[PDB]
Protein chains: 2
Amino acid sequence: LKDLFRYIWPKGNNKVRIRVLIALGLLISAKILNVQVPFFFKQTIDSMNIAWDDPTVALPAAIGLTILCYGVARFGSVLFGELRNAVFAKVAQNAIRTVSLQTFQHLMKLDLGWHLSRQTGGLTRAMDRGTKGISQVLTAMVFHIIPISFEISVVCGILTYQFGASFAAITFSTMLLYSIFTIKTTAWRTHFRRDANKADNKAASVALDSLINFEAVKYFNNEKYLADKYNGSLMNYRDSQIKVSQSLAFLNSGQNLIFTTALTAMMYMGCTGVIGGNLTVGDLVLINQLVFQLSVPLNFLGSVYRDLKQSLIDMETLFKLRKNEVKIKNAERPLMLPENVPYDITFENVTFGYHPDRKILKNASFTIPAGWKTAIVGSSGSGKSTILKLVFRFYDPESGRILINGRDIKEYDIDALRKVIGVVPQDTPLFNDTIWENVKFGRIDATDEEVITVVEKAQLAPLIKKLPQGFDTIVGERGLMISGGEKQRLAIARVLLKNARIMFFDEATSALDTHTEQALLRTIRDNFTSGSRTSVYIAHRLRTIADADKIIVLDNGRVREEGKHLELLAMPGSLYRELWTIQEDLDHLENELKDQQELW
Amino acid sequence: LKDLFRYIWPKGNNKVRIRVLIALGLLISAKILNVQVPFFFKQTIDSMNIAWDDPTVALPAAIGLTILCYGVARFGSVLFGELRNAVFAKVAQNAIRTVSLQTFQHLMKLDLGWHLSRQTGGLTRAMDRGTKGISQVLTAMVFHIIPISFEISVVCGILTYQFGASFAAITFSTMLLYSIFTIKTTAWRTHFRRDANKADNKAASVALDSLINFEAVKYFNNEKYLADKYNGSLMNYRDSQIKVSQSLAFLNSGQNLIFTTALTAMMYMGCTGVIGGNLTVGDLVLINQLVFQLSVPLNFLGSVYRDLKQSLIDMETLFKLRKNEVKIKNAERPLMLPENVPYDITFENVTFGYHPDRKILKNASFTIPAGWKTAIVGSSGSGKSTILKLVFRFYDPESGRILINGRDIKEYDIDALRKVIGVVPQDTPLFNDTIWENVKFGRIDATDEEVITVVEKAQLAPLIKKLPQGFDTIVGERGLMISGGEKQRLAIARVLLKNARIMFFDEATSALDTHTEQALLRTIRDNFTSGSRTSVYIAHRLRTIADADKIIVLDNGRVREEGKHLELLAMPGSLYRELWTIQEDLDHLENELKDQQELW
Ligand SMILES: CCCCCCCC/C=C\CCCCCCCC(=O)O[C@H](COC(=O)CCCCCCCCCCC)COP(=O)(O)OCCN
Ligand SMILES: CCCCCCCC/C=C\CCCCCCCC(=O)O[C@H](COC(=O)CCCCCCCCCCC)COP(=O)(O)OCCN
């Protein structure tokens, strides 16, 4: 909770400290007035208790002022309460915004392993729950607990000074009883609510499972059994809600019984004190009204405490996400790439594996030269979908040297590297947003003319104008769903916008159509063919790897051989030959079977 | 709303009428006491306002009784309120149960078209919303509206008889003002809450779309843009909640201002009436306390009215689902099948189509003889997945005669028919329940020994004992997910339990493995081969249709020819030949390509 008091009382920002002190003053004055009200009511009652001789005179001003003060005190108490609410909301929402944004800025900075291990739904639920918890905690600790505590103290002091300690004793005892009673009975009612929600979700699941499969529900005549299961679940839910209502009745009745006993006993004490000439009827009114005022705001407090501990747990969970440490950090003396010459990714004595038990890439030592569209190939598990993650600095090498331009990779700024490293991923994503925004994603700092030029260069205009809304469609799960080729050309356009020196085509064409694959390859070779773009195809369908100036083969996480397609295909025993023959026969059978299918 | 007053005041059930009258009596007495309380307080104040001469006497009993009556009246008012709540809950939940069950009993009785047109999520949401609406309507119309109306009337009568009409005028005017103010300001606050929820869902969607695609968020360095979108959405949400809190402050402050003006003006009227020797200070107390009691329960009522109209709309929607009419009804003079001889499904001059525009099955006239495992075959759209729906009486024939045993189908009881008509559907369903229950589904009135015998006959025991929990696994979407063959043998076991005379295998093997298909066929031919089970295979893979005694071919929704496999395959020009050759070459290429794949 300390970090919370750090987000609402920081070091340096005076605006927030002042807003908080103002909320404090408003709270204090609100309670002062809520307690002064009865005193004006009593001064009224004790100024009217005279023997009026002339029943035609006007109301003296000494009493009109008292009545007016009574009214303005009521109004001012409630008003200051609500103003405190408004102000401290202005504060708590700033705190929530700040913490959520700092957390999200961290997550975008952690390593990848910490994201692949953990679940995303869990992270989002944690953020939401911790935020609601901060809100509820500040609420219940400024709106319901601190004010009522101040009021109880003021009331006990009033009743101890004016009349005696007996009233303060009775009031504090009543408060203790009310509190513990409410807490325990609320636990009880929570058990009942849990049971009810369970038995309602059950019935809903049954109704669903029965209406979706109506055909099978009727193919066997089993509709009465379903109605009976539904009746049983509904009866359980009925009984549970019955018990919930009865328990709420017990709760409210017991609370009112407690406060009624307090008020009645205090009326008796005041009525036996009046006999001693000490007090006056106005004092009975004062006591009853003070205690009832104490009673008014206690329902809410007794309710909220139920939720405070879960909210504190959620807050701790959330605040924990920013305590995690980053392993991939900008090593000392960050630099900037030469950014004036071609680039290389020469490896040296590399050894890397996700989990330290099963190494995937072993003693690899190869060379990605300058301006030569190298091609990696192997098996899924032979360490070819990992070169990217290892050059993009998502992980580090275990006793390995990722040498770029004769200089290690752990010496540059991770961002100065990731900014000149572009990728065409296998299954590109699409945010729940437009298609113009998802393509601006490549370089937000772009002019719309550049965006349209690249969208046309990627052969996408025929597919964007074909849609209902021009450049404003809604893509993603929560919207339109386009197929593979479109997504791949979209990712290609993103890359075109990035305009990087080194490109990694991570299986751009994994599961698509033959002619769509050929179109993608044609576009890629028409755009990414200059002699100033180090290209690297992480491919497993050699049908596309024919023009590369260096083909690297990885078996059992080790480099085997190099050379051009025709060069090594003619070499005895090379895996290139077996793989090529297998893929060729596979494509033969594939296209033949597809022709047969479209026949049928 | 009338039907509601029919479900809580039926004709014949005296228990419910009596429970309701008791709730009524409790409500009335609760308000009587909540209004008598101040009179005891005033009798107290006006009995203590004496000149006590001996300040050592005890409290007379004439005042102790008054104080005790005051306390028991408070407690009894609240107690009767809560008892009314409990009782009318005991009633409303019975009503909810009854209406939900009757609705679900109807849906299981409607035709199929009404289910295929409409959406299931919509039906379930409608049921849930209408149920919550019934609950909320009864609540707000027995707990918040009727009681406060009775109390306002009683208060106006009291203040009109005892003192004068001015107080009743002020009180009723105050109530009008409070009501309309609360309504309008609540509409306002609802607008603000809508905006806030929108801008929070937006931010959550952004966080999701950014954490799921973290790889692509980093492959382009676009994390600051994401943080900025998040900051913008969070700022909108912040401002919206600020305005919500300020508006709630305005609301509560205005309400308290209204009631404060009422109380203060009434104190002034009472204090200028006391001058006329008419009233006494106790009357000022009486007035203030009565009006404050009126004020206490009004927040809730002012809130709920927001939700009452949507709830009435939901109730009407729900109650509408039982007004729909059934077209497939048990025609006059329902009968029972002979149930002592083999069965036939001889058609005659049939003509049927889902939508009257595009007929699918035209002038069909064929014969499904007794004990002959007939086989239908054609194209998906040639009218072969419809013979079932038309013999199972999910639809009716347009100028067609579905003759069974020389007698029409519209003459028997739909259930006496559906009970001797079993089906093995293509994609069988699985409820979110066990595997022993989903197999008991076939015949709930079965002995566990029969269930296990058939589960073994279906060659399923190897697949039920292979799982963690024996006969108690959790299947379905919300649980374990088994593959095709298991589901098909499960549906087969269901049928085995039904033990019907006529069976329809509706593409039992559509998309499975070769050996799994052969195993399913072997099981089916081992079980369903007796000479007393009219079998009908609605199949499109003739590789299984070789042993049937009658193969029917449907082209363009018309019967073409008949005969045994070898009989018509040797016939010139028969579609059987083309289809057989195509499927054979297709299976050849399929298995060859699969061998090639498992090579690679
Ligand atoms: C999180 C926990 C924090 C706990 C902090 C609680 C501290 C409060 C403790 C004790 C306060 C009790 C003081 C009451 C003494 C009684 C004085 C009194 O009776 O005066 C009342 C009105 O005062 C009034 O209106 C009573 C209100 C006066 C209270 C002022 C103290 C607050 C100052 C701010 C403290 C941060 C009027 O009485 P009268 O008949 O008009 O004349 C009597 C003499 N003038
Ligand atoms: C959905 C809308 C339905 C609207 C129906 C509302 C009908 C109510 C209309 C008028 C009722 C006003 C009657 C009050 C007359 C005043 C009588 C009165 O002052 O008696 C009060 C207590 O009575 C009391 O405690 C006051 C409560 C008595 C009320 C009894 C009437 C209810 C009967 C049930 C009706 C269904 C005590 O006054 P006291 O000083 O002790 O002596 C005066 C004479 N005994």
Residue count, the range A:399-416 (criterion: within 10 Å of chain B (Cβ to nearest Cβ) and touching a helix residue (DSSP H, G or I) at 6+ places or on another chain (Cβ under 9 Å)): 0
Residue match in the range B:50-64 (condition: touching a residue at least 24 places away in the same chain (Cβ under 8 Å) and more than 12 Å from ligand 2 (Cβ to nearest atom)): no
Near pairs, Cβ below 6 angstrom, 6+ apart or cross-chain, from the range B:428-456 (under 21 Å from A:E223 (Cα atoms)) to any residue that is part of a helix (DSSP H, G or I) and among the small types (G, A, S): B:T428/B:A491; B:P429/A:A216; B:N432/A:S205; B:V439/B:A493
Subset of the range B:29-61 that is β-branched (V, I, T) and assigned to a helix (DSSP H, G or I) - its residue that is farthest from ligand 1 (Cβ to nearest atom): B:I32
B:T261, sole failed condition from (1) facing chain A (nearest Cβ under 8 Å); (2) buried (at least 19 other Cβ atoms within 10 Å of the Cβ): (2)
Hey, B:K42 surrounded by 11 or more Cβ atoms within 10 Å (Cβ to Cβ), within 14 Å of chain A (Cβ to nearest Cβ) and within 13 Å of ligand 2 (Cβ to nearest atom) or not: yes
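Residue by residue, here is whether (1) hydrophobic (A, V, I, L, M, F, W, C); (2) within 28 Å of A:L123 (Cβ to Cβ); (3) more than 7 Å from every other protein chain (Cβ to nearest Cβ) holds:
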residue	(1), (2), (3)
B:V206	yes, yes, yes
B:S210	no, yes, yes
B:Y219	no, yes, no
B:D228	no, yes, yes
B:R238	no, yes, no
B:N256	no, no, no
B:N299	no, no, yes
Test: residue in the range B:74-82 that is assigned to a helix (DSSP H, G or I), more than 28 Å from A:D228 (Cβ to Cβ), more than 9 Å from every other protein chain (Cβ to nearest Cβ) and within 16 Å of ligand 2 (Cβ to nearest atom): yes
Residues satisfying the stated conditions in the range B:392-421, i.e. in a strand (DSSP E or B) and without any contact (Cβ under 8 Å) to a residue 60 or more places away in the chain: B:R401, B:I402, B:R407
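For (1) touching a helix residue (DSSP H, G or I) at 6+ places or on another chain (Cβ under 9 Å); (2) closer than 20 Å to B:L284 by Cα; (3) of a type in the set (V, I, T), each residue gets a yes or a no:
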| position | (1), (2), (3) |
| --- | --- |
| B:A30 | yes, no, no |
| B:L33 | yes, yes, no |
| B:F40 | yes, yes, no |
| B:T44 | yes, yes, yes |
| B:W52 | yes, no, no |
Condition check for A:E567: more than 14 Å from chain B (Cβ to nearest Cβ) and more than 21 Å from A:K384 (Cα to Cα): yes
Sole residue being more than 9 Å from chain B (Cβ to nearest Cβ), more than 16 Å from ligand 1 (Cβ to nearest atom) and either out of contact with any strand residue (DSSP E or B) (no Cβ under 9 Å at 6 or more places or on another chain) or among the charged types (D, E, K, R) (or both), chosen from A:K109, A:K90, A:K15: A:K15
Residues (closer than 23 Å to A:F292 by Cβ and more than 10 Å from ligand 2 (Cβ to nearest atom)) located in the range B:20-39: B:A30
Tally of residues being facing chain A (nearest Cβ under 9 Å) and in contact (Cβ under 8 Å) with a residue 40 or more places away in the chain across the range B:266-297: 6
Residues satisfying the stated conditions in the range B:166-180, i.e. within 36 Å of the chain's Cα centre (by Cα) and of a type in the set (A, V, I, L, M, F, W, C): B:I180
One residue from B:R322, B:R333 being of a type outside the set (A, V, I, L, M), on the phi > 0 side of the Ramachandran plot and in a loop (DSSP other than H, G, I, E, B): B:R333
Matching option when the condition is of a type in the set (V, I, T), within 18 Å of A:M315 (Cα to Cα), in contact with a helix residue (DSSP H, G or I) (Cβ under 6 Å, 6 or more places away or on another chain) and within 9 Å of another protein chain (Cβ to nearest Cβ), among A:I67, A:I96: A:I96
Cβ pairs under 8 Å, 6+ apart, first in the range A:144-161 and closer than 17 Å to A:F80 by Cβ, second near ligand 1 (Cβ under 6 Å from one of its atoms): A:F150/A:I28; A:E151/A:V35; A:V154/A:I32; A:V154/A:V35
Pair list, Cβ under 8 Å, 6 or more apart: the range A:1-13 residue under 14 Å from A:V99 (Cα atoms), other residue aromatic (F, W, Y): A:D3/A:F319
Yes/no for A:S303 being more than 7 Å from chain B (Cβ to nearest Cβ), of a type in the set (S, T, Y) and under 30 Å from A:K198 (Cα atoms): yes
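No Cβ is skipped: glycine too gets one built from the backbone with ideal geometry, and neighbour counts run over all protein chains shown. No value in this document is a laboratory result; all are computed from the given coordinates.
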